[PDB]
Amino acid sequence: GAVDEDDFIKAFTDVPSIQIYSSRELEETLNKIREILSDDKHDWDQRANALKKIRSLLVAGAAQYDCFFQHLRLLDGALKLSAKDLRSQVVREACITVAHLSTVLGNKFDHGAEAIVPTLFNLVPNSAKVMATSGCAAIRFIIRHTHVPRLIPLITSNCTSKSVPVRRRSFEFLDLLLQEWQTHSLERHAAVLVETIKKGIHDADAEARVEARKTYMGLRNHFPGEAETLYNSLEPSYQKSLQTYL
């Protein structure tokens, strides 16, 4: 987990060094990158290189050009297609690039995050560990750097997935979100948050329960009154499972 995020961070900059010579030149470069990624029939390694190139551009200061953000949205279709590849290494590069974009751009990647997150969630239950872990890491990087309130319903929704692994990962994501986001970014989803956490605390799966309990700490932090009300309604054994670390 922590190891996955560290490998991601290292992969962010472990790409070819490059320089941008003009706004127009940057656009030419981005257009070519989009062409390469838009056709899933193009040699997979060449598509991987195109994904790394985006990171090379980030390292080179592309975020300082207004045209970059224009092209960012133009690339959403290409990024989604890349993250949907059947080849684990392509999916990995795509997730790393998505994570890097979020890390560098922060809230300026709001549109990109919304556009890509559902695709990343589809990777979570994937049997190939390379794809699953890459998707999970990319989501965690987004949660920490691009706070889009619309991402909450997606997370809480997946906390109720029939897929157990998906539930475990989703409560983990919610736990992170509450530790990261400002209360004002959460206000509009207080109800769904309380409800999702209440259900999670009683999850049939032990691991999912461990995560729902961590998330409860976050609920107390941002919505103390609601957290207390939730606690006072539970059975003794479950109230005890929520005891503060001592």
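One-based numbering along the sequence shown.
In this entry, the higher average B-factor at the C-alpha atoms falls on 205-213, of the pair 205-213 and 42-50. The mean C-alpha temperature factor is higher for 150-158 when 150-158 and 76-84 are set side by side.
Out of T103, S163, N126, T97, it is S163 whose C-alpha atom has the highest B-factor in the PDB entry. The entry assigns its greatest Cα B factor, within the set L177, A191, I197, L57, to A191. Among the modelled residues of the chain, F69 sits in the highest third by CA temperature factor in this PDB entry. Among all modelled residues in this chain, the alpha-carbon of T229 has a temperature factor (C-alpha) in the highest third. For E114, the recorded CA temperature factor ranks within the highest third of the chain's modelled residues. Per-chain ranking of the deposited C-alpha B factor places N31 in the highest third. Placement of the Cα temperature factor of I18 within the chain: highest third of the modelled residues, per the deposited record.
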